[PDB]
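Cβ sites come from the backbone with ideal geometry, for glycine too, and all protein chains shown count toward neighbours. Bear in mind these aren't lab numbers, they're just calculated from the coordinates by the rules spelled out.
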Amino acid sequence: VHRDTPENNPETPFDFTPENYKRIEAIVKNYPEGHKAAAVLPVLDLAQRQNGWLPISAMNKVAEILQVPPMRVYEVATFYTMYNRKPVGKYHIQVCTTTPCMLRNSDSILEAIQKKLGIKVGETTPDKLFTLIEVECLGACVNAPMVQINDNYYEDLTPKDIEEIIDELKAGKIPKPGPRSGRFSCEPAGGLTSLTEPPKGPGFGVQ
Amino acid sequence: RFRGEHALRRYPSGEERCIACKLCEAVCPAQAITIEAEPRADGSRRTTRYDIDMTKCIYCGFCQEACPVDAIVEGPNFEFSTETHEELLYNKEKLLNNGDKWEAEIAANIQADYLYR
Amino acid sequence: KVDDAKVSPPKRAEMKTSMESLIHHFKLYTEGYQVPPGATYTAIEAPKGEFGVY
Amino acid sequence: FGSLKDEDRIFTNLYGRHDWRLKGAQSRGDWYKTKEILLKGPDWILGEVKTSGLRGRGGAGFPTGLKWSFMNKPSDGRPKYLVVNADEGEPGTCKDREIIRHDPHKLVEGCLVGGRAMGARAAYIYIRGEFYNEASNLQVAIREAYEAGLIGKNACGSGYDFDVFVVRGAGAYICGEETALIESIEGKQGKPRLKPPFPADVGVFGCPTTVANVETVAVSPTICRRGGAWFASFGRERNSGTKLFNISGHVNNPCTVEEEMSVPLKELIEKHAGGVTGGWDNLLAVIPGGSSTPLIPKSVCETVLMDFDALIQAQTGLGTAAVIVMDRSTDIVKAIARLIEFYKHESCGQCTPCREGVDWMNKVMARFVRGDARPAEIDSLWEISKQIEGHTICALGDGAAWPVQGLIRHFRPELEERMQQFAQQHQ
Amino acid sequence: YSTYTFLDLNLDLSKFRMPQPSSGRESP
Amino acid sequence: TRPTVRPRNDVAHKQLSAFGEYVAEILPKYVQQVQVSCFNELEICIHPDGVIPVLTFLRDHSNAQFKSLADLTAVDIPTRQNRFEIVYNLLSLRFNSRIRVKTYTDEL
Amino acid sequence: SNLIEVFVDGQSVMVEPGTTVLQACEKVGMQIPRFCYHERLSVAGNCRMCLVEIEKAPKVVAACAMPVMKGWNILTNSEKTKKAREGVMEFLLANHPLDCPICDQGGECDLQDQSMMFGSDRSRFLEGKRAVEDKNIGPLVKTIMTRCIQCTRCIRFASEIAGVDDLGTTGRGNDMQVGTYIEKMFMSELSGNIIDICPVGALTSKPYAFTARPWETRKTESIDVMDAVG
Ligand SMILES: Cc1cc2nc3c(=O)[nH]c(=O)nc-3n(C[C@H](O)[C@H](O)[C@H](O)COP(=O)(O)O)c2cc1C
Ligand code: SF4
Ligand code: SF4
Ligand code: SF4
Ligand code: SF4
Ligand code: SF4
Ligand code: FES
Ligand code: FES
């Protein structure tokens, strides 16, 4: 990846749905006045949402709304990760690979995708709907080599049932973003019971 | 390790190995050397005037030892002694030939000597 | 050579790859060492007699 | 420490998990006595936590009890806020997001009951947007209560009540420091400031803020609701309380459990539930911290209780409150590089020691593992790690070397023989 | 679960019920 | 520090403190400053009056011989307001030492 | 009446309540080496080439931005400080490619008049060196960004004095460039004046580009008349 734009969509053009100009009333409402000047983190991302990846005319647009010189935007979109500057697919999938996720062999829930899905890492599927990456520090390491799709996460996975989670998704079916097997909440099991109680008859530190 | 008449080598297919970094000029005790660079057409830099006076040069071995790109080299031939002081001053395009007349002499000395220094 | 390399140049293997070996070969062939102030004298036995430097 | 435990009863600091997720009257535990607390003078709450004296869950020392009764004693011209990390930076932490997922009703109270001590004005939280689903629901949890009139602007019974404004990040480590979060709450790029401006309670949004953590403001109401004399239960005269551990990477059923201090790792790892790898003969090479502590071998760790200062007795302590271990097949040298390959991607990059100083290691760590050019390097690579300490602004550097600093400690030969394994191979 | 549609979440109950803000100025 | 750094020697620096202490003692009409060069040599700052006088004391004595005159020289410094300088330099054959005698001046 | 006494290297000196170490330790005639600090601009902390060593405390502070309290003993020269200033300026020579024959600042640069006097001796790396790519701004500023010790002294200057806000910092980790994200050329008055700022040879002047090194010239003071202020 490179962080310079070869004049793709200087005028794409792009604009916000008039249903969205009534929320930006609420966002700025959060902050104090005169310092407002950056709501950019939601406002720039909401724009990703309306589109699904933001071209360079998206980066220039919000400046006209927020009156900041639009190198005080192109910067912020090149720092964080979640934003996607280049185009993407219909599903942008993550394989957590880190010390804990390595110990439970995240490579299991990783490759055997190339033999199933039939594409390399970091490359979108030849059409659209699929691409592949990996990231670090999200959610739980208490689960198996958990996997993220787009807005959800599939905890406690295995090579056997993830064959489905993709393949049932290719059909258009969405299989329950939770730790499908084992314990549903990631329970202690070993003192899970506890018998919840009211707080021991309060009136305690009334003094 | 002998010292004597000067040269300017060039690599295989020739680059005029000198980059005009203005050093063999600035360590020179006698101040013989004179160098004027100016950017060559492509944009790689080279020289224009390079003149070793052959009367002032005191034969140090300070201009063989400061050149990082390893161009300028004291030859081992005592061919000298012409009859007019209008002459011994050298230009650039006297040197190169005088250093392409024998490179079978030079290119086989350094590879004896360069392992010591 | 003396080892400490502020007063000695480096070889032609070293000045030609790593970094630190220019800035002490390229400031060592314009200005010199930095040798502290204060006066000396010295002497030797040269074949015909002594030799000074003050 | 008493009986060398750390037990778990139904008497704990967390109310419920599988019982009731949605809103209500806080059917039993929560939202119990309020108007009596807030109506009494604010500094009554201040120092009333000292009966516990929570060290804090932010991965460090510095008991939470001091900094709130610390400066922000007075007030002059400019409002005070609350910024409470919800974020997780450390690999394998996972302690967070379980608090929020099934029981949000606690923390909105935790601020309101907590924020009164600060004398603060508004309430910000912060969450890595990488959690889209669970974090999305807090707003409901806010609404499902706040809409009933439980919070703001007088609610309830006082003249002081104020709401909580969620926000989100993207590729953050930013919770990796305070004095970064309060910067990227603003919308700059996030390069954490210098630590002593005016430390984090003077230079702030426009005006003084305090950066708390999750279970530092979560358990405060219930420890001011009852307290005691049970506030100090387990742990020695120094560290006291019961925090959460979340086991990961080899076990029978890695899962959270509430466990009090001074618990030895040899019964704790085996329990909750099993040890499923070899309880022994699996060599039990262990990491006390999540990423912030180096290895321990089979030595006194297993009898070493999890009390903080008990760990400073060993070569490293851990405030992160997480556990990752190993048994046999995992090659540590192979399994520590992808802890370092992580650091290289999460660093700001201002400072000259951090940037350009971590890669010098990360570029060489792929020599050892692969196996490759000769020793005497190890002796240098130690000095590099010894050379980044006071030299970086944030802790990410001070949290950069320890894994490598403490790998060269505790395992000499595993490297020495591998450099041979490729040496003999070359031959 | 709702991939787009942060709207009413942001603009329905929040929009009317986030008072005032005063927030001051900061003109600058 | 040892390998490349010139090893010092103290004994030579103790005595040439003493023996030069007291030639500010017995000719105070003349000598206006004295010191010890870190390499164990002495510099006696002397008014221009004594030149023939001081040497003559250094010329013979049983505690300071200094028979061998080695090097006379000069230095010329602007912005010293008295331009030039002399430096006499004398070796005492019995006692193995060098003691230099600095005397300023002008042109006129 | 409103001043502090603080001992620099065992010598007392007076300082107004709220001058930093560096403005004190200048009063007695020393330069803590400098990279990101500069008078006329603002101050940030990202060089880490001034580490003074305070007396009786295990940490080592930084003498750019931090006040000076009732008298410390500000110890410049010891075996502790000299353990740092040697250990930073071997880092920022990790990537600094092998120019100086031809880097047109090659006679003044500050990877040169520091790193002989202060700091290291030889190098241990041994392989590496990212090389990024340049671009252009205008027909004055010539830009090779392969160098960039990244003081960020060209950036705090745009948003500062000459009010044109353009230049930026794009990236994360070992890789961040400086020059502008889009293709905008950056042109104004006083913004041909950058090329005093940048301490190494990243930004060097166009018309002068290659003509002479700066040990040969002759500085004869003068006055410029095209206009009022002279
Ligand atoms: C790499 C890194 C990641 C961090 N991640 C978090 C985090 O996810 N959540 C958090 O509260 N603090 C995190 N911190 C530490 C912050 O300093 C901490 O939140 C802050 O000091 C608040 O502490 P307190 O509220 O317990 O007093 C992180 C620090 C580092 C270096
Ligand atoms: S040879 Fe070395 S010194 Fe002589 S010009 Fe070419 S580069 Fe400069
Ligand atoms: S030969 Fe001796 S004198 Fe002639 S230039 Fe080289 S060094 Fe100076
Ligand atoms: S370490 Fe240096 S660079 Fe990495 S984040 Fe902390 S400060 Fe920014
Ligand atoms: S630019 Fe600065 S550092 Fe790079 S070579 Fe020329 S002088 Fe040495
Ligand atoms: S120009 Fe060179 S030095 Fe000046 S800022 Fe950009 S990179 Fe850093
Ligand atoms: S870091 Fe891999 S899942 Fe938490
Ligand atoms: S000089 Fe120290 S911060 Fe730049």
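Scan the range D:352-363 for residues that are within 10 Å of chain G (Cβ to nearest Cβ) and of a type outside the set (S, T, N, Q) and jot them down. Give the derivation first.
As a first pass, look at the range D:352-363 and keep what is within 10 Å of chain G (Cβ to nearest Cβ): D:352-360, D:362-363.
Across the range D:352-363, the qualifying residues are D:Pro353, D:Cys354, D:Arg355, D:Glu356, D:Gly357, D:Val358, D:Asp359, D:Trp360, D:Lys363.
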From the option list A:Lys128, A:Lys120, A:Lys61, single residue qualifying as touching a residue at least 12 places away in the same chain (Cβ under 8 Å), more than 14 Å from chain D (Cβ to nearest Cβ), part of a helix (DSSP H, G or I) and not β-branched (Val, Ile, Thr) is A:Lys61
Residues in the range D:178-205 that are within 12 Å of ligand 4 (Cβ to nearest atom), surrounded by 18 or more Cβ atoms within 10 Å (Cβ to Cβ) and more than 24 Å from A:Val73 (Cβ to Cβ) total 1
Within the range C:23-54, residues being exposed (fewer than 13 other Cβ atoms within 10 Å of the Cβ), more than 30 Å from F:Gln35 (Cβ to Cβ) and within 14 Å of chain B (Cβ to nearest Cβ) number 0
In the range F:64-108, residues that are part of a loop (DSSP other than H, G, I, E, B) and either among the aromatic types (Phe, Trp, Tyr) or without any contact (Cβ under 8 Å) to a residue 12 or more places away in the chain (or both) total 8
When the range D:358-389 is checked residue by residue, the ones that are away from ligand 1 (no atom under 16 Å from the Cβ) and in a loop (DSSP other than H, G, I, E, B) are D:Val369, D:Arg370, D:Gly371, D:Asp372, D:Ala373, D:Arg374, D:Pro375, D:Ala376, D:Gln387
Per the filter on the range B:30-54, residues β-branched (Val, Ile, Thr) and away from chain C (no Cβ under 14 Å) are B:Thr34, B:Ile35, B:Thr47, B:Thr48, B:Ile52
Residues that are surrounded by fewer than 18 Cβ atoms within 10 Å (Cβ to Cβ) and either within 24 Å of the chain's Cα centre (by Cα) or closer than 30 Å to D:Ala123 by Cβ (or both): does the range A:96-106 have at least one? yes
Scanning the range G:133-166 for residues that are away from ligand 6 (no atom under 13 Å from the Cβ), in contact (Cβ under 8 Å) with a residue 60 or more places away in the chain and over 20 Å from G:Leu41 (Cβ atoms) gives G:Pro139, G:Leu140
Here the qualifying pairs (Cβ atoms under 7 Å; residues six or more apart or on different chains; first in the range D:50-72 and within 14 Å of another protein chain (Cβ to nearest Cβ) and at negative phi; second part of a helix (DSSP H, G or I) and more than 16 Å from ligand 8 (Cβ to nearest atom)) come out as D:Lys50/D:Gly65; D:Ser52/D:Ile223
In the range G:167-216, anything assigned to a loop (DSSP other than H, G, I, E, B), free of Cβ contacts under 8 Å to residues at least 60 places away in the same chain, of a type in the set (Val, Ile, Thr) and surrounded by 12 or more Cβ atoms within 10 Å (Cβ to Cβ) is listed as G:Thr169, G:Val178, G:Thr180, G:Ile182
Taking the range D:24-36 and keeping residues on the phi < 0 side of the Ramachandran plot, surrounded by fewer than 18 Cβ atoms within 10 Å (Cβ to Cβ) and more than 9 Å from chain A (Cβ to nearest Cβ) leaves D:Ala25, D:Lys35
Scanning the range D:339-357 for residues that are assigned to a loop (DSSP other than H, G, I, E, B) and either out of contact with any strand residue (DSSP E or B) (no Cβ under 6 Å at 6 or more places or on another chain) or within 16 Å of ligand 2 (Cβ to nearest atom) (or both) gives D:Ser347, D:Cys348, D:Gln350, D:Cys351, D:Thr352, D:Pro353, D:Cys354, D:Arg355, D:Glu356, D:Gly357
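Tell me, which strands (runs of 3 or more DSSP E) wholly within the range B:1-109 include 3 or more residues that are in contact with a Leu (Cβ under 8 Å, 6 or more places away or on another chain)?
Once the strands (runs of 3 or more DSSP E) in the range B:1-109 are filtered for at least 3 residues that are in contact with a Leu (Cβ under 8 Å, 6 or more places away or on another chain), what remains is B:6-8.
Considering B:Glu87, B:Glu83, B:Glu38, which residue is free of Cβ contacts under 8 Å to residues at least 24 places away in the same chain, in contact with a strand residue (DSSP E or B) (Cβ under 8 Å, 6 or more places away or on another chain) and either surrounded by fewer than 16 Cβ atoms within 10 Å (Cβ to Cβ) or acidic (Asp, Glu) (or both)? It would help to see each step written out before you state the result.
Details: B:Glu87 fails: in contact with a strand residue (DSSP E or B) (Cβ under 8 Å, 6 or more places away or on another chain); B:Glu83 fails: in contact with a strand residue (DSSP E or B) (Cβ under 8 Å, 6 or more places away or on another chain).
Within the list B:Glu87, B:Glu83, B:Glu38, the selection yields B:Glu38.
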Per the list (1) β-branched (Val, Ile, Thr); (2) within 12 Å of another protein chain (Cβ to nearest Cβ); (3) out of contact with any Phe, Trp or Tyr (no Cβ under 6 Å at 6 or more places or on another chain), residue check on B:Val27 breaks on (3)
When the range B:41-67 is checked residue by residue, the ones that are exposed (fewer than 12 other Cβ atoms within 10 Å of the Cβ) and acidic (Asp, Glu) are B:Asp42
Note: among G:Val68, G:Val28, G:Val141, G:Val52, just one is touching a helix residue (DSSP H, G or I) at 6+ places or on another chain (Cβ under 6 Å) and more than 25 Å from D:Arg355 (Cα to Cα), namely G:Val68
Note: among D:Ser299, D:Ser292, just one is farther than 21 Å from D:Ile99 by Cα and free of Cβ contacts under 8 Å to residues at least 40 places away in the same chain, namely D:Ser299
When every residue in the range A:1-53 that is among the charged types (D, E, K, R) and under 30 Å from D:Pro79 (Cα atoms) is compared, the one nearest to the chain's Cα centre (by Cα) is A:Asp45
Of (1) more than 8 Å from chain A (Cβ to nearest Cβ); (2) more than 14 Å from ligand 1 (Cβ to nearest atom); (3) over 30 Å from D:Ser299 (Cβ atoms); (4) under 22 Å from the mean Cα position of the chain (by Cα), D:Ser233 fails just (3)
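Among the residues of the range F:18-40, which ones are β-branched (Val, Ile, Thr) and under 13 Å from the mean Cα position of the chain (by Cα)?
Within the range F:18-40, F:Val23, F:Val31, F:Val34, F:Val36 meet the criteria.
Residues that are touching a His at 6+ places or on another chain (Cβ under 8 Å), more than 16 Å from ligand 1 (Cβ to nearest atom) and more than 21 Å from C:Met15 (Cα to Cα): does the range B:77-87 have at least one?
The first filter runs over the range B:77-87 and keeps only residues touching a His at 6+ places or on another chain (Cβ under 8 Å), leaving none.
No, because not a single residue in the range B:77-87 is touching a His at 6+ places or on another chain (Cβ under 8 Å), more than 16 Å from ligand 1 (Cβ to nearest atom) and more than 21 Å from C:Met15 (Cα to Cα).
Only one residue in A:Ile165, A:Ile174 is under 30 Å from A:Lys115 (Cβ atoms), among the β-branched types (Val, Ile, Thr), within 24 Å of the chain's Cα centre (by Cα) and within 14 Å of chain D (Cβ to nearest Cβ). Which one?
Values: A:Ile165 fails: within 14 Å of chain D (Cβ to nearest Cβ).
From the options A:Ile165, A:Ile174, the qualifying one is A:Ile174.
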Contact list, first residue from the range G:91-106 and within 14 Å of chain B (Cβ to nearest Cβ), second anywhere and within 16 Å of ligand 3 (Cβ to nearest atom), beta-carbon distance below 8 Å, six or more apart or interchain, is G:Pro101/B:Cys21; G:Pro101/B:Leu23; G:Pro101/B:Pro68; G:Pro101/B:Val69; G:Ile102/B:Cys21
Reported set for the range G:20-55 where residues are of a type in the set (D, E, K, R) and in a loop (DSSP other than H, G, I, E, B) is G:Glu26, G:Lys27, G:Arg34, G:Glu39, G:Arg40, G:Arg48, G:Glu55
